[PDB]
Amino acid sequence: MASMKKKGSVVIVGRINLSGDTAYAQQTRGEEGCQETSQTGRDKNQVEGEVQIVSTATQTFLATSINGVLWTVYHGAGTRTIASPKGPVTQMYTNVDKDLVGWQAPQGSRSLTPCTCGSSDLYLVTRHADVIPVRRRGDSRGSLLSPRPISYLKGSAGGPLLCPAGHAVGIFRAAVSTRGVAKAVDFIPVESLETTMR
C-alpha cells in the first residue's frame, strides 16, 4: 500500500493551429516539463485554440473543444485527470462504450460548434496538422480519398472531423485498416457528444 503509485494527469503539450490560412502543429511543452506537469497536475501555460495535442506517460494524441468541453478518446486518456492552472481537473464525462471522455474546456481555449449542415463532405485534422478530405460513409465511418499507412494516423485520435463551414462533425478514434493501409476512419459523431451533454 505504502508504495502504490498514481497515474499522472493528461498534459497539454501543444496545439494544431487552425487560426489562419495554414494549419501547423505547435509544441508548447517538452518532455521533462510534460513529465513534471503530469505528476503535479499543475499546468500554468496559457491554452489557445480548438485542437490540443495531449500526452500521457505512454501516448500522445489529440483533444478537441466542442461546446465548452475538451473531448478525447477513452482508449488514450482512460479516466485520467487533466493538468490545469489550479491543479488536476477530473473528467466531466467518461464513456468507455463510446470511447469518449471530456473535461471542462480550459480557459483560453476556443470551442468548435456542432455541425447542423447534414453534409457528407468532411475534413479530418491530424496530429501532423494535415487537413484530409473524408467522404462520410455512415454515422461513424468515412472514407479517405487517398489511402494512408496506419502509421500516419496513429496519434490523431481525439482530433476533429469538420464540415466545409468549419463545424465539428465528429471526433476521430480509429483507422479502418487492411494490411497496414487505412482506407477509412471510424469516428464518434458530434450528435453523440450532444446527447452526452444533455
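Throughout, we count residues from 1 along the sequence that is shown.
Taking the PDB entry as given, 38 to 46 carries the higher mean Cα B factor of the two stretches 38 to 46 and 167 to 175. Two stretches are in play, 177 to 185 and 8 to 16, and the higher mean C-alpha B-factor belongs to 177 to 185.
In this structure the maximum Cα B-factor among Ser119, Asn95, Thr72, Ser84 is found at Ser119. In the deposited entry, the Cα temperature factor of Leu162 places it in the middle third of its chain's modelled residues. When the modelled residues of the chain are ordered by C-alpha B-factor, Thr79 sits in the lowest third. Placement of the Cα temperature factor of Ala63 within the chain: lowest third of the modelled residues, per the deposited record. When the modelled residues of the chain are ordered by C-alpha B-factor, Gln27 sits in the lowest third. In the deposited entry, the Cα temperature factor of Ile150 sits in the top third of values across the chain's modelled residues.
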